[PDB]
Each structure stands twice: as C-alpha cells, then as structure tokens.
There are 2 protein chains.
Amino acid sequence: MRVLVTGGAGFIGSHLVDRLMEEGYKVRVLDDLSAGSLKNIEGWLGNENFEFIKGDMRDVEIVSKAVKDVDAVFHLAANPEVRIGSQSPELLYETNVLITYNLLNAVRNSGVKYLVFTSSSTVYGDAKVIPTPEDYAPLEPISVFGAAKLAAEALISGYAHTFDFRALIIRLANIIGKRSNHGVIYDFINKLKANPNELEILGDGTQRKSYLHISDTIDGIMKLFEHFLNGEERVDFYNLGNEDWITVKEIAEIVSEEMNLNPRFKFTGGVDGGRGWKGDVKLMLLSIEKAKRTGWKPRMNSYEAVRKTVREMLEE
Amino acid sequence: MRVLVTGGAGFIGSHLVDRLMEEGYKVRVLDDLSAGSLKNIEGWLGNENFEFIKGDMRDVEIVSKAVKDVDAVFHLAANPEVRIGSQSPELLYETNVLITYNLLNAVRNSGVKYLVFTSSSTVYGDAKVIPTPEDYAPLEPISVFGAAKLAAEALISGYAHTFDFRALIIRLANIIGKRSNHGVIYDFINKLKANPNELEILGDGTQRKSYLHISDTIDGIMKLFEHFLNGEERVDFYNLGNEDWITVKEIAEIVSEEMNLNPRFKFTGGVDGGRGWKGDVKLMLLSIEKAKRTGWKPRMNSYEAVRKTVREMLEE
Ligand SMILES: NC(=O)c1ccc[n+]([C@@H]2O[C@H](COP(=O)([O-])OP(=O)(O)OC[C@H]3O[C@@H](n4cnc5c(N)ncnc54)[C@H](O)[C@@H]3O)[C@@H](O)[C@H]2O)c1
Ligand SMILES: NC(=O)c1ccc[n+]([C@@H]2O[C@H](COP(=O)([O-])OP(=O)(O)OC[C@H]3O[C@@H](n4cnc5c(N)ncnc54)[C@H](O)[C@@H]3O)[C@@H](O)[C@H]2O)c1
Ligand SMILES: C[C@@H]1O[C@H](OP(=O)(O)OP(=O)(O)OC[C@H]2O[C@@H](n3cnc4c(=O)[nH]c(N)nc43)[C@H](O)[C@@H]2O)[C@@H](O)[C@H](O)[C@@H]1O
Ligand SMILES: C[C@@H]1O[C@H](OP(=O)(O)OP(=O)(O)OC[C@H]2O[C@@H](n3cnc4c(=O)[nH]c(N)nc43)[C@H](O)[C@@H]2O)[C@@H](O)[C@H](O)[C@@H]1O
C-alpha cells in the first residue's frame, strides 16, 4: 500500500514513517522542513521504498503531485504551536486550514482511498465533561489553533462525503518523546540548559493534561488505521490520549529530577485565570474507551511517559 | 448601538436590515452584490442612520474599514447554495471560511463586542438524532457547504475566546420568504414558468426539512440577539427552525396549488439514495427548545410558511 505522509519529517510524522517503512509500506514524505528535520528520516533517505519531497502544502501544484499514485494519505503537516495563536493566527490558519483544504482539493482528483488526519484535543477547548468523549459538544474551541484543527476536521469530513473517500480523524492528547522540538518538556530542559538555578514556568503550574508517549501514539494510530480499514464508516472519530494526567509543576519536577537540578521555580501567573496563554486549556483528559475497544491501550501513563521522554531527550 | 450587517443586501440580510433600521439601530451594510440587490435596501438610502458599502470581503482593507466604529456585527455574507458544492467547492471555501477568517482578523483590531453568525443545519449533516439539539455530535457534515459553515463556527469561537469578543452562532434551518432568490420553491416556480405541464423534482421527493418563514426568522434572530446581550456566555449556540417539517413532494404540491397548475411530477431518483445532490441532507429538523426558552416561537408551521412564501412570490 502506498502512503503519503505529509509532515513526515516532523516529530510524530517521522515515527509514523519509521513504522510504515518497517511494515513494508511504500512511503512518500511531503514536508517543507519549516519545523521537521531531514535527519529525523535520514535513515530512510536512499531506501527504495522511500521517497522524500521538500514542498510547501500552500502550493497546490505540489499537493496535487504528491497524492498522485497514493492509496492512503496521513496528513500530519501543520504548525502545532498553540502559543503563537495570539500573535500569529495567520500562520495557524494557513498551516492548519489552508493546507488541509489544498490537500483535500488534490485528493478529490486522485485515487487516494484513505485520509488519516491528526486533529487535537483542543477542538473541545475547555471541555466540561471529563474524561471527554468524542461526541462532546457543542465544540467551542478557545484557541485559534483548536479552531483551525476543528475546521480541518469539518472540511475533511465534507470532502470525504462529497467526493467519496474515507476519513479517520484522530484527536490526540499531548504527545511527547524523542525528536520533539516543541512543548513544555523540551522547553524546560533547554531553559535549564541555559541556567540550572531557576525555572520560569508559564502560568500557575496547575494545568493538568493527558500525556502519551510517542510509542503508544504510533501503536494507537496504526491500530486505528487497521480497524478503520476493516470497518465501514466513511468518517470515524477517535480520541487518543493516556488514562491519567499530570500538572505543569509535576512535569517541571520530573525534568529537574532527571537533569539532577533543583532550581527555584518562578511562575509567571498566566492569564485568563492562570493559563499559560490565551487559549491554553487548563484541564484536558480524553475518554479513550472508544479507542481502547480496538485493543489498543497505552503501556505508559503520563508520569512514565514524561520521565521516559526526558531521559530519551537528554541522551541527545 | 451601531451594527454592521455583512451580506445585508441578501434575502435574510435585507430583512434584518429593515428590522434594524426600524428599531432605531445605526446600520452599515457590507455587500458585494454578487447575489443580493440594491433594490432590496435602496429604500433606506438617504437615511441618516444607514450606510451601504459595496465591497468583496475577500479584500481585507474593505472589511477592516467596515468594522470601524461598529459595536455589533451580523455576518450574513456567504454563498448559501449547497447544490454547487460538488462542482464549485472553492467558491464555498471562499465565501464561507475565507471571508469569515478575514472578518475575524478585522474584528481583532476593532471595538466589535458582539458577532452574530448565521450558521446552518447542515453542520449536523445526516443527524442521527431528531429533532437535532445544539449539542448533537460528533459533527460530521456531508457537504462542502456544511463543512465550511462549521469551520466558520470554529474560527468564530476560537477568535471570540482569544481576542475577547462574544459570539452568537445561530444554526438556521431552511428559511423561506419574500426576496428569496434561491431554494426549492424559487426553482419549482421558475420551472413551472418555463413549462406548466411538468415538474422535474430533484431526488426522490422524500427529502423532509423544517422551513421557517423569514418573518419568524427575523423575529427569532432579534429575540436571540437581545437575550444573548443579556447573558454571560462568551460563545452561545442556538438552533432556529420550525416545529415541524415537510417533504419536497408536498412543497411541489403546494406550489402547483398556488399556481393553479396540476403538473406531472418527474422525480430524477437522485444519488446516494435519492438525494438531490452530493451532500444534500435528506432529513432535517432542529430542536428549538433552547430558542423557545427566550420567548420566541414561530407563528407559522412549515406548510403555512411555504404557502405564504409562494403567495408573496407570485404577487411579483
Ligand atoms: N505533538 C503533540 O503533542 C501533538 C498533539 C496532538 C496533535 N498533534 C498533531 O500531530 C501532527 C504532527 O505534529 P508534530 O508534533 O509531529 O509536529 P512537527 O511540526 O514536528 O511535524 C509537522 C511537520 O509539518 C511540516 N510542515 C509545516 N508546515 C508545512 C507546510 N506548509 N507544508 C508541508 N509541511 C509542513 C513541519 O516542517 C514538520 O516537519 C500535527 O497535525 C499536530 O497538530 C501533535
Ligand atoms: N436561506 C437559508 O435557508 C439559510 C439557512 C441557514 C443559514 N443561512 C445563512 O444565512 C445567511 C444569509 O443567506 P441568504 O439566504 O440571505 O443568502 P443571500 O445570498 O440572499 O444573502 C447572502 C448575502 O451575502 C452576500 N455575499 C456573497 N458573497 C459575498 C462576498 N464575497 N462578500 C460580501 N458579501 C457577499 C450576497 O451578495 C448576499 O447579499 C448566509 O450566511 C447563509 O449561509 C441561510
Ligand atoms: C494537545 C496538544 O497541545 C500541544 O500544546 P500544549 O498542550 O500547550 O503543550 P505544551 O506546549 O507542552 O504546554 C503544556 C502545558 O505546559 C505549560 N507550560 C509551562 N511552562 C511552559 C514552557 O516553558 N513552555 C511551554 N511550551 N509550555 C509551558 C503550557 O502553558 C501548558 O499548560 C500542541 O503542541 C499540540 O499540537 C496539541 O494541540
Ligand atoms: C439548511 C439550509 O439549507 C439550504 O439548502 P437546502 O436544504 O438544499 O434547500 P433547498 O435548496 O430549498 O432544497 C431543499 C430540498 O429540495 C430538494 N429539491 C428538489 N427539487 C429541487 C429543485 O428543483 N431545486 C432545489 N433547489 N432543490 C430541490 C433539494 O435537493 C432538497 O432535498 C441552504 O440554502 C441554506 O444555506 C442552509 O444550508
């Protein structure tokens, strides 16, 4: 089966690429290398089952070309950074709504049979139902990013129904692990790289979120892809997160523990009642019962995932 | 209070404009007249409280100017035609997501406190729960149009939370009445103008939908707007439709009745099981309990509204 993996040079994208290549898929990657890295996939450069394309999905010619002779598309290309939503909503609109729109228009005029899209928990915004099921609503995202992911979901479904392809929407929790160049663990480790004595923590440290290690993330993505191929649903929605959650302050504590530092915590106090930023959901914990009915389940919890991530990262 | 009404030269927009002028609002209209007409609002030209701006919302300067010195925005500008979704998805993308995105970017740099958006039942797609409540989900629109409307909703919510304005999203059912230049009644009347002996009905004729007369529609929009001004929700969702529904075949029968014709109905059999087109939802009926708790209620049911619309149209 031939698959396009947009953003396949990214953190999650390159791991999905490793998995797909190892299972014998013929994998093309489409990535402008604005945030991913060629190194993250240099092992596959030169494999006869691997093709790489440096390309911006804003460019429709590129996107029509990349989906040509592809049976499945895994659309992971995006700017995932919620932080930049209050300064750079245009960037989030483009790299979430626009490039997905172009991908779908390309998909319409091709033989692409399956579209797997990595949406986010942020579509629920500050969800009042915990653990949050996939049918929670009304969806009132509080960040430009979550709104852009919701819009991507909507357009994916509409094109799937109108132009007769199948679509699998996977709302991911916080995903952490080796090769990640963004997030709170990364930033804590590098802040302490620059100064071991203090840790500037955005917000009040009480933000509690579900963290999944990238290993469980890819196992679950593949399990859902497997089940979805065997299923009949035109469009299917799954949450993908861990069973529990952990606070920003506890994450700072684990990162300090693993770095053998004991710095002075300095919280910025946040906004909208201690959020790290405008649109930073304070509580997130996804109901993964629907995902677990496929056989998947995380082998690590949020605390284990965070600690393993810190270790893996400090090796590099 | 000064309010902008984008698309205010349209069917629903021009009636909303009439209403706003009569209640003493200061009304600016922004409309490129791609589907509306100056006739529909030329009656107000020369009033000290009325300003009209001919402009396409794709142009960001136009929209930035229009929200200048406006306290509330009624964003009715769009292409509402679902039928063209499989032919012209780019057009729906532009006139639903793009110009909504531009309006929102304009609103961020303004003093607009309230944004009211005319969403559609199509966001629910083929809803499996009927009457469909505002919290039905997962939202899986089956049309490019419904997907674009949902994406617009998402961006509205995200920007409302991020940049501190409030948003009222009103999911309208099928709206019918004077000045309507689209829909099934319009097309059936013109079909029988060209040939009174026969009527081509798209689909299998069993499509059952909730119709609201434009009078009830504007009464409800104003009730909801006032109540929303009195409420605390940063973003609030309301259905706006009738209590009942009616099939396309009964609408054909009523149109024949009022035209004193009795033609031969010829149903085209449709697609995807008798739909009028790719992405045409077959059954629609929104739960209006939430709308009715504001005091609003339709004075006409679907059959009365359809008959009133046909009569009004035939006077012209
Ligand atoms: N990391 C998480 O915690 C997390 C959580 C939930 C959802 N997700 C989603 O999973 C997916 C993968 O995220 P990630 O952590 O691997 O991020 P990433 O930025 O590391 O990977 C995304 C890739 O997209 C590429 N890209 C950016 N703009 C592009 C464009 N215009 N055209 C082509 N390629 C472009 C980047 O260069 C990068 O290689 C995204 O959809 C993200 O929103 C991530
Ligand atoms: N008619 C219905 O049954 C119905 C149902 C649900 C929702 N809605 C929504 O209500 C609103 C009004 O629909 P309507 O029936 O009055 O349609 P309409 O076309 O009569 O009115 C929409 C207006 O948008 C204007 N417009 C179109 N493209 C524009 C652009 N690029 N820039 C600026 N203005 C532009 C048109 O000229 C028109 O005046 C729309 O948002 C529509 O999607 C309508
Ligand atoms: C659900 C996922 O959310 C992901 O964002 P997101 O949760 O903020 O994930 P992070 O950026 O890791 O931030 C997680 C939490 O840690 C807080 N935090 C505290 N200090 C810091 C710091 O120094 N840096 C950062 N970055 N955070 C910090 C942050 O505000 C939030 O409460 C997205 O990247 C994905 O695309 C996806 O949307
Ligand atoms: C909910 C609202 O739905 C509205 O569309 P939508 O339901 O198709 O409303 P109409 O365009 O009126 O079509 C209503 C039903 O009548 C069918 N139909 C049968 N024959 C005809 C015909 O000759 N012409 C037309 N036009 N329809 C016909 C049509 O496919 C559908 O099943 C949108 O205009 C609004 O923006 C909003 O989305």
# chains A, B, ... in the order shown; residues from 1 in each chain; ligands from 1

$ select_by_dssp --residues "region 132-242 of chain A" --states "helix (DSSP H, G or I)" --output "number ranges by chain"
A: 144-162, 184-194, 214-230

$ write_last_selection --atoms "N, CA and C atoms" --output "tab-separated table (two decimals), in the first residue's frame"
chain	number	residue	atom	x	y	z
A	144	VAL	N	-7.14	29.85	18.61
A	144	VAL	CA	-7.13	29.86	17.16
A	144	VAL	C	-6.69	28.50	16.63
A	145	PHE	N	-5.71	27.88	17.31
A	145	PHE	CA	-5.23	26.58	16.86
A	145	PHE	C	-6.34	25.53	16.90
A	146	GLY	N	-6.98	25.36	18.06
A	146	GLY	CA	-8.03	24.36	18.16
A	146	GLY	C	-9.14	24.59	17.16
A	147	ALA	N	-9.47	25.86	16.93
A	147	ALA	CA	-10.47	26.19	15.91
A	147	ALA	C	-10.00	25.77	14.53
A	148	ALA	N	-8.71	25.99	14.22
A	148	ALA	CA	-8.19	25.61	12.90
A	148	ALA	C	-8.21	24.09	12.72
A	149	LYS	N	-7.91	23.35	13.79
A	149	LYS	CA	-7.99	21.89	13.74
A	149	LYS	C	-9.43	21.43	13.57
A	150	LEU	N	-10.37	22.10	14.24
A	150	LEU	CA	-11.79	21.78	14.08
A	150	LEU	C	-12.24	22.04	12.64
A	151	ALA	N	-11.83	23.17	12.08
A	151	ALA	CA	-12.13	23.48	10.68
A	151	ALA	C	-11.55	22.43	9.74
A	152	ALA	N	-10.30	22.02	9.98
A	152	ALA	CA	-9.72	20.94	9.20
A	152	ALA	C	-10.57	19.68	9.28
A	153	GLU	N	-10.97	19.30	10.50
A	153	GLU	CA	-11.86	18.15	10.65
A	153	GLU	C	-13.10	18.29	9.79
A	154	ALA	N	-13.75	19.46	9.87
A	154	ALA	CA	-15.01	19.69	9.18
A	154	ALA	C	-14.83	19.55	7.68
A	155	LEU	N	-13.82	20.21	7.13
A	155	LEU	CA	-13.59	20.13	5.69
A	155	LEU	C	-13.22	18.72	5.27
A	156	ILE	N	-12.41	18.02	6.08
A	156	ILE	CA	-12.08	16.63	5.75
A	156	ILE	C	-13.35	15.81	5.61
A	157	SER	N	-14.26	15.94	6.59
A	157	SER	CA	-15.49	15.15	6.55
A	157	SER	C	-16.34	15.53	5.34
A	158	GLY	N	-16.48	16.83	5.09
A	158	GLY	CA	-17.30	17.27	3.96
A	158	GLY	C	-16.78	16.76	2.63
A	159	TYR	N	-15.46	16.85	2.42
A	159	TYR	CA	-14.87	16.33	1.19
A	159	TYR	C	-14.98	14.81	1.13
A	160	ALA	N	-14.83	14.13	2.28
A	160	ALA	CA	-14.97	12.69	2.30
A	160	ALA	C	-16.35	12.27	1.82
A	161	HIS	N	-17.38	12.96	2.30
A	161	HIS	CA	-18.74	12.61	1.90
A	161	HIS	C	-19.01	13.00	0.45
A	162	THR	N	-18.57	14.20	0.04
A	162	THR	CA	-18.92	14.69	-1.29
A	162	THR	C	-18.17	13.94	-2.39
A	184	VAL	N	6.41	21.56	26.52
A	184	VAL	CA	6.82	22.06	27.83
A	184	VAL	C	8.04	21.31	28.35
A	185	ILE	N	8.15	20.01	28.05
A	185	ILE	CA	9.30	19.24	28.49
A	185	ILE	C	10.56	19.73	27.78
A	186	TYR	N	10.48	19.83	26.45
A	186	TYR	CA	11.58	20.38	25.66
A	186	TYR	C	12.02	21.72	26.20
A	187	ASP	N	11.07	22.63	26.39
A	187	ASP	CA	11.42	23.99	26.80
A	187	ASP	C	11.98	24.02	28.21
A	188	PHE	N	11.48	23.18	29.11
A	188	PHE	CA	12.03	23.14	30.46
A	188	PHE	C	13.48	22.68	30.43
A	189	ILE	N	13.75	21.61	29.68
A	189	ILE	CA	15.11	21.07	29.62
A	189	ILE	C	16.06	22.10	29.05
A	190	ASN	N	15.64	22.82	28.01
A	190	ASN	CA	16.56	23.79	27.40
A	190	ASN	C	16.71	25.06	28.24
A	191	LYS	N	15.64	25.51	28.90
A	191	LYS	CA	15.78	26.61	29.85
A	191	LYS	C	16.78	26.26	30.93
A	192	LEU	N	16.73	25.03	31.44
A	192	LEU	CA	17.71	24.61	32.44
A	192	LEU	C	19.07	24.33	31.82
A	193	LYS	N	19.12	24.08	30.51
A	193	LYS	CA	20.40	24.05	29.81
A	193	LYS	C	21.08	25.41	29.92
A	194	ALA	N	20.30	26.48	29.75
A	194	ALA	CA	20.88	27.82	29.79
A	194	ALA	C	21.15	28.30	31.22
A	214	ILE	N	5.29	8.79	22.48
A	214	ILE	CA	5.18	8.66	21.03
A	214	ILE	C	5.06	7.20	20.60
A	215	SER	N	5.61	6.27	21.38
A	215	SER	CA	5.49	4.85	21.06
A	215	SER	C	4.03	4.40	21.10
A	216	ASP	N	3.35	4.67	22.22
A	216	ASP	CA	1.93	4.38	22.31
A	216	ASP	C	1.15	5.15	21.27
A	217	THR	N	1.59	6.38	20.97
A	217	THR	CA	0.89	7.19	19.98
A	217	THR	C	0.88	6.50	18.63
A	218	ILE	N	2.04	6.01	18.17
A	218	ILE	CA	2.10	5.39	16.85
A	218	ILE	C	1.43	4.03	16.86
A	219	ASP	N	1.61	3.25	17.93
A	219	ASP	CA	0.87	2.00	18.04
A	219	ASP	C	-0.63	2.23	17.90
A	220	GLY	N	-1.15	3.25	18.59
A	220	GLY	CA	-2.58	3.52	18.53
A	220	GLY	C	-3.03	4.04	17.18
A	221	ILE	N	-2.24	4.92	16.58
A	221	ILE	CA	-2.55	5.40	15.24
A	221	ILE	C	-2.66	4.22	14.28
A	222	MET	N	-1.71	3.29	14.36
A	222	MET	CA	-1.72	2.15	13.45
A	222	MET	C	-2.88	1.21	13.75
A	223	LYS	N	-3.18	0.98	15.04
A	223	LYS	CA	-4.32	0.14	15.38
A	223	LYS	C	-5.62	0.73	14.85
A	224	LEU	N	-5.79	2.04	14.99
A	224	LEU	CA	-6.99	2.69	14.47
A	224	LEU	C	-7.03	2.60	12.95
A	225	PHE	N	-5.90	2.81	12.29
A	225	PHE	CA	-5.85	2.68	10.83
A	225	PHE	C	-6.26	1.27	10.41
A	226	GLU	N	-5.75	0.26	11.11
A	226	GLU	CA	-6.11	-1.13	10.87
A	226	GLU	C	-7.61	-1.36	11.03
A	227	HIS	N	-8.15	-0.96	12.18
A	227	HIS	CA	-9.57	-1.17	12.43
A	227	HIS	C	-10.42	-0.44	11.40
A	228	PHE	N	-10.02	0.78	11.05
A	228	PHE	CA	-10.77	1.61	10.12
A	228	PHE	C	-10.78	1.01	8.73
A	229	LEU	N	-9.65	0.44	8.30
A	229	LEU	CA	-9.65	-0.27	7.02
A	229	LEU	C	-10.66	-1.42	7.04
A	230	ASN	N	-10.76	-2.12	8.17
A	230	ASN	CA	-11.71	-3.23	8.27
A	230	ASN	C	-13.14	-2.77	8.50

$ residues_near_ligand --ligand "ligand 1" --cutoff "7 Å" --atoms "only C-alpha atoms and all ligand atoms" --output "NGL selection string"
:A and (6-13 or 30-37 or 55-58 or 75-80 or 95 or 99 or 118-121 or 171-176 or 180-181)

$ residues_around --residues "region 61-72 of chain B" --least-positions-apart "2" --cutoff "7 Å" --atoms "only C-alpha atoms" --output "ChimeraX atom specification"
/B:1-4,55,57,59,74,103,106-107,110-115

$ select_by_dssp --residues "region 257-308 of chain B" --states "strand (DSSP E or B)" --output "list in words"
residues 264, 265, 266, 267, 271, 275, 283 and 286 of chain B

$ residues_around --residues "residue 50 (chain A)" --least-positions-apart "2" --cutoff "6 Å" --atoms "only C-alpha atoms" --output "number ranges by chain"
A: 27-28, 47-48

$ write_last_selection --atoms "N, CA and C atoms" --output "short mmCIF file (atom, residue, chain, number, x, y, z; two decimals), in the first residue's frame"
data_model
loop_
_atom_site.label_atom_id
_atom_site.label_comp_id
_atom_site.auth_asym_id
_atom_site.auth_seq_id
_atom_site.Cartn_x
_atom_site.Cartn_y
_atom_site.Cartn_z
N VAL A 27 6.46 4.56 1.28
CA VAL A 27 6.15 5.82 1.95
C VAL A 27 6.76 6.97 1.17
N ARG A 28 5.92 7.93 0.80
CA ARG A 28 6.37 9.25 0.38
C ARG A 28 6.13 10.23 1.52
N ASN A 47 16.43 4.49 0.81
CA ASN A 47 15.70 3.23 0.74
C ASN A 47 14.83 3.25 -0.52
N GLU A 48 14.75 2.10 -1.20
CA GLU A 48 14.00 2.05 -2.45
C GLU A 48 12.49 2.19 -2.23
#
